[PDB]
Structures are given as C-alpha cells and as structure tokens.
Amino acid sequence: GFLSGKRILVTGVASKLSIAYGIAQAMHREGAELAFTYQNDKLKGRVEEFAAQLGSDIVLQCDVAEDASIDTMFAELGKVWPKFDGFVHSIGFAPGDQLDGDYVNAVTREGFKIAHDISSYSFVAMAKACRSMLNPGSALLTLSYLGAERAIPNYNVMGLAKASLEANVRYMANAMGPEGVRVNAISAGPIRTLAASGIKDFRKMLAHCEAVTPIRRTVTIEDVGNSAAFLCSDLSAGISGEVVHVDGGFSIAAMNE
C-alpha cells in the first residue's frame, strides 16, 4: 500500500461508526503501522478490541483537556515509537446545551471556552508535545465541517470552534513546513456517528444533503478514510495547509432543491 513504512497515531475511535475507525481501516489496508488513544475507561475496551483486529497493541489513554495527559501519552508512545510519522486528530466536544436552538441565546462563556479548547486548541497541543518525535515527511490531519464557513442551524458554537481549527491548520502548516511536516484538514459531509446524535435535528440534515448533493448520496467513513490515507501519505507531498471538502460536492451547489 502507499502507507507502507509509516507509523501513524489515530485518536478519536469511539465505535465502529466513528470517522476515526474508517480512517484506521483505510490506513491499515494501505500498509501503515498504527497506534491508538482512548479518552477514558468507558471506551478502553472497544478501542483495545479494534486495535487488535488492525494488528496493533499500542493503545494509550489520552484526554486532551489536560496538558499532563498529552505529555504522558507521548512519553509512553516514545518507548515503542521513538520517532513516528504523524497523527490523526478526530476529536470534538461542546456541552449539549450549546447545540440546540437560537445561537445567541444558547451560547455561554463556558460553553464557548470548552468548545474551542477541546475542538481546536487540542490539535496544536498535540503537535507541540510530539514535535521532536516527528520524522521529516510527517503529516498531521484534523477533521472539520462546513459550519466553520456558513451559519448552520443548531451547530452553533461548534461552528466557531471549527473556524478556529481551520485557521489552526494554516498557522501550523506555515510554522512546521520548513522542518518537513505537512498539516491539512478534511471538511467532511454529515455522517451518522455517536457524536452526531447530539446535534438537534441531525437526521433532517442528513436527508437534506442526500437529496441535494451532486453525487446524490451522503459520504461514508470509507470515503473519508480513503482521503485521509492519501493526505497522510507521501503521495500528497505537494499539499499543506489545505481544507479538502469530502462532502460529495454539497458545499459548491446552491438551490438544487
């Protein structure tokens, strides 16, 4: 596969529906050696099982709300992978009350702070912590959504956090490019995952996209996984600082209704 010889860390697997799960599958298929993190014990079991199926026994705990947790996870990873080739950041969070109803009425200073901290700061927090461990030719990848570009009902403060994240991708790419590290994002279309259930009326968003997307279907975690594998491989050596839309063309059409 085109990922043979690469060692990549994958965050965010919570279930078989997880976008990170589709990404891990595609990268394994292409020959990458993988390592996984899990947020807490509530998820340790499932992640350990999935990692086994994908030939990996490197499963480490990591809660990105804490600098100490990130530093410890990398010190542990370093015992087996003193150097590696990048990681996939597939993590997002905002308190549930933030994602329902009128945005101005729903947002709070605390909800805003947590959404940006976990959904955007954590990406550069991880890069800071493992910077000296990355091989030249390494690639970092995060996942965004159209809500960063347009106002979407109910997505609310997560939209602002994703806009901060896309800017993060550009500043990170500009800072780390000289040492040989590329940084990109995939702006994925709507997919039924555990976290998606937290967005009010998500099922309605899904049906709408299916009807108006140029390719006439919503994307799958396999579609996203294949794109992620490409973006973390040497085949995309000429691409950095980019937000690639993997939504079947939904965002470039208007009034298809």
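All residue numbers refer to positions in the sequence shown, first residue = 1.
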Check: Of the other entries that cover residues on both sides, do at least a third skip residue 200?
Finding: yes
Next item on the list: Determine, for stretches 126-134 and 160-168, which one has the higher mean CA B-factor as deposited.
Entry: 126-134
Margin query: Quick check on the record: does 77-85 or 139-147 carry the larger mean Cα temperature factor?
Written below: 77-85
Checklist line | Residue with maximal Cα B-factor (values as given in the PDB entry) among 228, 194, 64, 219 | finding: 194
Note to self: Quick check on the deposited entry: does the C-alpha B-factor of residue 58 sit in the lowest, middle or highest third of its chain?
What the structure shows: highest
Note to self: Among the modelled residues of this chain, does the Cα B factor of residue 106 put it in the lowest, middle or highest third?
What the structure shows: middle
Item checked: Within-chain third of residue 17 by Cα B-factor, per the entry -> highest
Next item on the list: Grab the CA temperature factor for residue 72 from the record and place it in the lowest, middle or highest third of its chain.
Entry: highest
Next item on the list: Could you look up the Cα B-factor of residue 27 in the entry and say which third of the chain it sits in: lowest, middle or highest?
Entry: middle
